[PDB]
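Enquirer: as a preliminary step, the opening chains of the complex are given here in situ:
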Amino acid sequence: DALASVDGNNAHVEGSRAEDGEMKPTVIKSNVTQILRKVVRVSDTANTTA
């Protein structure tokens, strides 16, 4: 998905007091597959001509 933004200012006062990190882990993308057949149907009398 992405990395963590810069959030602009990054000052500090000797102490974090975070919320167990702002990891925001990766997002899972998925995709599906389809089928392609293209059927064919011929007669038997049309399979012997010149």
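Expert: Happy to help now that I have it. Numbering: from 1, shown residues only, chains lettered A, B, ... in the order given.
Enquirer: secondary structure element holding the residue most central in space within chain A?
Expert: Centroid-nearest residue in chain A, with CA atoms, centre = their mean: residue A:29, separated by 2.8 Å. Residue A:29 belongs to no helix or strand when assigned by DSSP states H and E.
Enquirer: and it, how far is that from residue A:5?
Expert: Separation of residue A:29 from residue A:5 (CB to CB, to the nearest Å): 20 Å. All C-beta atoms are positioned from the backbone trio N, CA, C, and that covers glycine.
Enquirer: and for residue A:43?
Expert: In terms of CB to CB, residue A:43 sits 66 Å off from residue A:5.
Enquirer: the following sequence is to be added as chain B:
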Amino acid sequence: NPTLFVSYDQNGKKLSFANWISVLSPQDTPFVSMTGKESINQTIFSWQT
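Expert: Adding chain B to the chains above:
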């Protein structure tokens, strides 16, 4: 490439033709074909009775 097998699958047909001609009325004359012909070079022929 068999695709349709109806009319155009096998092109280059013989058109339902055969190599033999049928004369519906009999027009042969076995008489002459049986009676063999003989050659004559000169023109002073002569036969005896």
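Enquirer: still on that earlier bit, for the residue nearest to the centre of chain A, give me phi and psi.
Expert: For residue A:29, the backbone dihedrals (degrees, to the nearest 10) come out as phi -100, psi 150.
Enquirer: any idea how far residue B:48 is from it?
Expert: In this view, residue A:29 and residue B:48 are 121 Å apart by CB to CB.
Enquirer: just give me the residue closest to the centre of chain B.
Expert: Mean-position check on chain B, CA atoms, centre = their mean. Result residue B:21 at 7.0 Å.
Enquirer: let me know the secondary structure of that one.
Expert: Here residue B:21 is coil, with the state taken from DSSP: H, G, I helix; E, B strand; the rest coil.
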